[PDB]
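Given next, in structure tokens, is a single chain: the form deposited in one PDB entry.
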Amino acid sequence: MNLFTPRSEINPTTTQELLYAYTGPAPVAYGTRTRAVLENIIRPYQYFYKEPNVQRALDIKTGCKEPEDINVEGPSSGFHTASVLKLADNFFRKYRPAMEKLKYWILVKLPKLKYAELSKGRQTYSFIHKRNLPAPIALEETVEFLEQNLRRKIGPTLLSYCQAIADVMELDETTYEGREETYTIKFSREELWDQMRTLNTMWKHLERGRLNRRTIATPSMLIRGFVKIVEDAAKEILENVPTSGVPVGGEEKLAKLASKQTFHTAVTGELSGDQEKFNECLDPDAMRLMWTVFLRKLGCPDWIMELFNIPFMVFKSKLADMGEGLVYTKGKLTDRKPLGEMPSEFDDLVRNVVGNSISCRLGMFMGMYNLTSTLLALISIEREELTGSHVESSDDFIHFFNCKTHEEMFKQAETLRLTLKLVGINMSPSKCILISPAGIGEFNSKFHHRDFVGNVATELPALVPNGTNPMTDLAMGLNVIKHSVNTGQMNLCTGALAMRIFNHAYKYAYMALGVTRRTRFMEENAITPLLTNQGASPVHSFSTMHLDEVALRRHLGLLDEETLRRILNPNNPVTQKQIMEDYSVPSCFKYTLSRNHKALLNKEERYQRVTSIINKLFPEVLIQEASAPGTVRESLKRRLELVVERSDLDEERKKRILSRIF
């Protein structure tokens, strides 16, 4: 460790990237997550009272306490209602332009949001098949369920989806009807409520910088529309709030604060830290109250407030998925038993136990309400005696104090801590460090020293081909290295070395390095290597990390006209069809690898055929979002008739073509 601490030439801050041991394997969680889930569920109850009384805390519906109950020497798991109201009012009065932008978003952008975007989410636990399915499959199943039960067609907008979700809750019973196999399943109102409010918990895999593994939670597709609406509103408000680091890149605001200075007379300080048990000490009621205050002060109608409050209320009555169970050992044997079968350290929760889920009111889970939690943390800063620059990203936070004296700086730091406790956020005493005078700190993996913010990535770029195809993989790898270079992480030497390593790995992956089938075949047929994946020398350079391989080779003369014609021939049989743009030309090397419950693969293939026929027959859906008044059949018939009747073929041929139409 003394080697990573220079006292000349460079400073220890520059060597911070040495402390990142990401080149080794990342830790992977093993087996059951029940212990972690139960600990996360029980922490809020233990921290609700100064004395860890769990039985008394478990009877609290909305977790709110007076300041006398707020723990100053430890974590707290509640909020003060009056403080939350006052802080929300102060936040609204401080960032009025952001509130006006939110009003515009609600009045214009919100009605136009299509529920199809829900297909872009993460894995979802389908309440119909009782299994984890991708977002598109769960969304399609939920939409079909709503259509079947409501006997109506769901509108394209997201508000229509939310209205359908609300309407289906009224029905006493619901029914869903779906190799060939027909099955009908009937749910009661209580069963559907449990499915809607139930969360799916899973291990957080390949997470670095943590000794102990932790879990994440995701909601069901029924409540994903409201969550999406609330999160979009949170993002819209946060994008115009100076105190935030999620949507603005984070580095820009930290650099702006670093550039700021003073008159070399005022006392400066820099407090960088995290929040301990951030997700296990927040109450959804606080967030919903803050959102209600925001909307009410905005003049919004009642239905908007109800829509914004529904997801938080559903989250309050959450049924967290325990998982496989707790581990017990009768000597050398091992068994997994659910909570309540045998005594354990979490016996206090046996009362709130369902078939396999545990009902939890207090606290939250990581990975579900991030922007709302950030807003809750930010409203705290809006005090009358917190004149400083605060930047917070979910959990990490950095605060620059510029006061008149050291005692004032300490008072302001304590006020910040106590206000965060007021809202229900406890800054970790061990992980929070205040340095005076300001000029050194860390935030979101970016290290600020005097007047330079160096960005250090949590992981080095994967200098390996993605696995799609030679051209696409090469373009993506070069783009990734370029993004790392221009983000301040990699310099000329590091960038060039990373490119060299990536080139070696990319050549190896495609059997173009030693004596392989590809190289042997090319040599036996006098096929001169012309491309990088063919064994040719790397034509790319550090300056030319953005140019296409084919275009650069053509310009340099490494490829002749005949080879280009043969390669880019669109009739060749080996090509078909956020910050990961792919600008590779569609050459013959842009192929696809053949990658190789039975009642769902057939549906997927059928949908693939339908979308292919639409794409070839509708040369308009690849440019704009699909939209047409009517169903697929009507629009397809109209388009086909217009196309056929507009051709120059004779009447007899047109009639022959039309007659074959089914």
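Throughout, rigid core stands for the largest set of C-alpha atoms superposing within 1.5 Å between the two forms. Start at 1 and count along the sequence shown; that's the residue number.
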(request) Quick one: classify how much of the deposited chain lacks coordinates between residue 517 and residue 518, choosing none, 1 to 3, 4 to 9, or 10 or more. (result) none
(message) Residues without coordinates, deposited sequence, stretch from residue 367 to residue 368: is the count none, 1 to 3, 4 to 9, or 10 or more?
(response) none
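Omitted here: the form deposited in another entry. The next part is about that form.
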(message) Out of 236, 89, 251, 276, I need the residue that shifts by 2 angstroms or more at the Cα between this form and the one not shown, core superposed.
(response) 251
(request) Please say whether, between this form and the one not shown, the C-alpha of residue 570 moves by 2 Å or more once the core is aligned. (result) yes
